[PDB]
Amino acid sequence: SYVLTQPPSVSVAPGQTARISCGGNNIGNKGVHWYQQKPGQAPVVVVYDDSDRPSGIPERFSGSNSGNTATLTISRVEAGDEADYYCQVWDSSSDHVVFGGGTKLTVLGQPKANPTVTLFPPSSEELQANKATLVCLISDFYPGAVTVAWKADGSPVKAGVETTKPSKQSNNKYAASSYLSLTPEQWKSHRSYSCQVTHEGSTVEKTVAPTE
């Protein structure tokens, strides 16, 4: 029931010193612990009891707790440090262990690369099966995070959308895909459909029309 709040994203360059935040109401009244989770692995404790350091953890990982925010600052940041960071406390008003939402720490070993977007309308075979699926394919973007928004004409659509987590390609860039599932009557009822991919503040837009 006690709530821990974390910033969703944090970015630095190699060897730069980063600072991750864990916010909770009067969080100085609680002992904060920090875990690091590299992709495909289990989390690992890097700070416990606000500031104590477990043996085997480099000294550059440091923790502190005061007032309404605990902070895990990492100095001399390195490409190995790209991981998800979670803070954690014990809530004695509920006897619960509470986690934060997590902070993606990104250190950029690459210049920014805008995604290439291709939009596919529903095929005639799928339409003859009384189904319609819009296929928006996103490739070759760095860093690996995008936001997809679909539009019916100029109007937003938010039901029937499924977007994948980004995956790293073989060229170290990222790819993703988003699917808009439509009924045949709501596919034909509009003049145009658009998939808008927003990557690092810039948006790339692709449009398809039901009337070929």
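Sequential numbering from 1, following the sequence displayed.
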Of 148-156 and 30-38, the stretch whose C-alpha atoms average the higher B-factor in the entry: 148-156
Going by the B-factors listed in the PDB entry, is the mean over the C-alpha atoms higher for 130-138 or for 103-111? 103-111
One of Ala176, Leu182, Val44, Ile57 has the largest Cα B-factor in the entry, namely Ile57
Rank-wise, by C-alpha B-factor, drop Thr116 into the lowest, middle or highest third of its chain. middle
C-alpha B factor of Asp95, ranked within the chain: lowest, middle or highest third? lowest
Relative C-alpha B-factor of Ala83, binned into the chain's lowest, middle or highest third: highest
When the modelled residues of the chain are sorted by Cα temperature factor, does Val89 land in the lowest, middle or highest third? lowest
How does the C-alpha B factor of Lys188 compare with the rest of the chain: lowest, middle or highest third? middle
